[PDB]
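Just the one chain here, laid out as structure tokens, in the form solved without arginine.
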């Protein structure tokens, strides 16, 4: 039962997207009249609406994607619009395609990508998780935010070993605490207009917070965009230790707090760009010789499905869906190994 006020907003949002002749978002590309009418009168069990999916791309016509998920069920219920957007962004993950089961693989096949520290400044592996049972940030209530922070911060306080550390709520955070976290690049702020128009910043900063371990090789953002953004990083290129530290953390959390995961799509996230493995494995790396070639580099990036973002690059795996967590990490590993091999043999 979707109320008339929402239907009126949905109709004006649809028409505004049509009238924007300039607009290149995936939302505009696939929200035709047939899809719109398939979706406009549906509502999820937790109460989410099509407007709770598309408002941010309606308000921000310069959005690249322009759709977000207000809860886990929205991906299936509003599948007529998510499915073509998902296929396009993830380049070939079709509506009938299926994401494999979670598999972190054999960690002993993961290596230090640059033992000498000659090239790789730092390595990062990042994932995201939504907690089963809660709305996503478009639809969390204030009480939801508080209870989740309670549960999650409680779990964080039981981390032992290399994961031992401290939770910092954004609520009541003082300016000195803020600065020390900024200095570490650990702080996040209020979201930009895309997140604002998606209703992902309500009740700010209730339920938002930051966890890191004493060694500062492990970071979690609570309700920055997803319920959890879990990151493992360190200087150099020991991908093995980094990935193993991440999977230990994820497993620990899961043992106390189930994740929202879909058979077809993998782990469900607020942005559909982060589905599947959710995994972004990256290195900060200097390839000066390959920077003077630029033709041999992208031959490797494109061949190993890496995205390349002077001399010092941030290089990360492009694929999130259709491959396992292991294969994503192994793909980054193999690509970086090859590029360093090319760098070492270059002129």
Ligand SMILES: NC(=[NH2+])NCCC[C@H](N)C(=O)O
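Numbering follows the first chain given and starts at 1. Residues that one form lacks are left out of the comparison. For clarity, a rigid core is taken as the largest C-alpha set superposing within 1.5 Å between two forms.
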Per the entry, how many deposited residues between residue 309 and residue 310 lack coordinates? The answer is 10 or more
Looking only at C-alpha temperature factors in the entry, 54-62 or 274-282, the higher average sits in 54-62
Averaging the C-alpha temperature factors as deposited, the higher value of 44-52 versus 27-35 falls on 27-35
Based on the PDB entry, the highest CA temperature factor among the options 20, 329, 323, 337 is that of 20
One of 192, 225, 91, 71 has the largest Cα B-factor in the entry, namely 91
Of the three thirds of Cα B-factor ranks in this chain, residue 119 occupies the middle
Chain-relative C-alpha B factor for residue 254 (record values, thirds): the middle
Residue 154: C-alpha B-factor third of its chain, per the entry, is the highest
Temperature factor at the Cα of residue 108, chain-ranked in thirds, falls in the highest
On the chain's distribution of Cα B-factors, residue 245 falls within the third called highest
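FYI, the form solved in complex with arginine isn't displayed, but the following is about it.
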Here the chain appears without its partner; judged in the deposited complex, the stretch of 111-119, 241-249, 270-278, 173-181 with heavy atoms within 4.5 Å of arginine is 270-278
Fill in: Every residue of 65, 194 and 225 near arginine in the deposited complex, heavy atom within 4.5 Å
yes
Rigid-core superposed between this form and the one not shown, candidates 58, 39, 297, 285; the one over the 2 Å C-alpha cutoff or at it is 297
Note: conformational shift between this form and the one not shown, core-aligned, Cα at least 2 Å, runs of three or more in sequence order, located at 292-300
